[PDB]
Amino acid sequence: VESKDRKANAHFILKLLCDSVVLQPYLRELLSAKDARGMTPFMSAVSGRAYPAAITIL
Amino acid sequence: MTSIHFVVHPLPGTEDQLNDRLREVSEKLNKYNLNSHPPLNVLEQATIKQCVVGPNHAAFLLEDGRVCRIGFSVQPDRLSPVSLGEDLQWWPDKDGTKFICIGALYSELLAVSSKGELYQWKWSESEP
Amino acid sequence: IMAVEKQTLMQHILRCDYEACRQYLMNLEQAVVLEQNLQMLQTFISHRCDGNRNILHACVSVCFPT
């Protein structure tokens with residue numbers, strides 16, 4: 001609900017998707033797929049000011 | 001599975017209002033995630049092939065040769081607040097109608113059979 | 001009228017449900033231990049959003065500065 005709580009939950013979810021041992025073989029494609037703007041998740045993170053998200057993704 | 005949701009948009013206008021209404025329904029799907037109306041609740045657990053919206057009714061088709069229909073009621077003072085009909089009217093199945101395609105017309109719904117039979121029943125009445 | 005789809009983790013991420021996301025991951029990994037949820041997971045991972053956005057795109061897009 002709160003902005004700080006929302007950001008904390010988002011960071012927790014990103015870390016959860018990072019440390020999911022189940023999705024290891026698919027992450028290689030999950031972080032390599034492109035959106036409609038022709039960019040990876042990392043590029044979208046860095047353009048949308050999601051700088052901590054970009055660091056964790058990298 | 002799926003969730004049934006409707007939107008209303010004044011006919012003369014640009015596309016920005018439609019896009020804004022779609023954004024509102026998206027936010028409700030995300031910020032609110034309100035449940036769908038009970039009459040279509042059953043059709044939540046069934047697939048859909050094609051849907052048709054008539055002058056006052058709307059018919060929805062399952063992939064298993066089954067159809068359903070329902071009207072609505074829209075409040076203009078308050079302007080999914082639109083509330084559909086109380087009981088969803090079905091299409092009784094006899095000798096394997098096996099619907100494939102449908103069609104929307106002002107005075108009646110149109111349905112197809114596997115062999116091809118232009119079944120139709122008026123919106124006003126309740127008999128094929 | 002519309003019938004919006006139902007992709008559970010997509011909704012959880014786009015709504016930022018940390019508890020629900022963790023529960024979904026736990027159930028998925030338990031089922032993978034059961035070895036009966038490999039193909040279904042492979043099909044599910046390709047559940048998308050508007051604009052060919054995979055789950056990670058939703059994750060980052062629900063993380064933009066307020």
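Residues numbered from 1 in each chain as written, not as in the entry; some residues may be left out. Chains lettered and ligands numbered in written order. Part of a larger assembly, values for the part shown. Heavy atoms only, no water.

Draft legend 1. Representation of the packing of aromatic side chains in the model. Counted by the stated rule, this structure contains 5 aromatic pairs over all chains. Ring geometry for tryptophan 91 of chain B and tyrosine 119 of chain B: centres 6.2 Å apart, planes at 85°, overall edge-to-face. Of this pair, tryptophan 91 of chain B sits in the loop between β5 (89–90) and β6 (102–104) while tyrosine 119 of chain B sits in strand β8 (residues 119–122); the two residues are 28 residues apart in sequence, bridging distant segments of the chain. A residue is classified by how much of its surface remains accessible, and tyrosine 119 of chain B, at 32% relative accessible area, is partly exposed. Judged by centre distance (5.4 Å) and plane angle (80°), the ring pair of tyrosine 24 of chain C and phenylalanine 44 of chain C falls under edge-to-face. Of this pair, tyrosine 24 of chain C sits in helix α2 (residues 18–33) while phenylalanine 44 of chain C is found in helix α3 (residues 39–44), placing the two residues 20 residues apart along the sequence. Overall, the relative accessible area of 5% leaves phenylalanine 44 of chain C in the buried class. (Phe/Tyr/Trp six-rings, centres within 6.5 Å; stacked < 30°, edge-to-face > 60°. Helix = DSSP H or I, 4+ residues; strand = E, 2+ residues; numbered from the N terminus. Buried < 20%, exposed > 50% of the residue type's maximum accessible area, 1.4 Å probe, protein only.)

Draft legend 2. Structural context of the sheet that holds β5 of chain B. All names here are of chain B. The 4 strands are arranged β2-β3-β4-β5 in an open sheet whose pairing can be described as antiparallel. Each having just a single partner strand, β2 (51–53) and β5 make up the two edges of the open sheet. In the sheet, strand β4 (residues 66–70) pairs with β5 via 2 bridges, with the strands oriented antiparallel. Within β5, the residue paired with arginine 69 across the bridge is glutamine 89. (Pairing = 2+ DSSP bridges.)

Draft legend 3. Geometry of unusual backbone geometry. The backbone of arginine 49 of chain A shows a phi angle near 65°, a positive value even though the residue is not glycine. Note that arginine 49 of chain A resides in the loop between α3 (41–47) and α4 (51–57). The exposure class of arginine 49 of chain A is exposed, given its relative accessible area of 56%. The backbone of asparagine 52 of chain C sits at a positive phi, close to 55°, despite the residue not being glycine. With respect to the helices and strands, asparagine 52 of chain C occurs in the loop between α3 and α4 (55–61). Assessed through its relative accessible area of 44%, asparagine 52 of chain C is described here as partly exposed.

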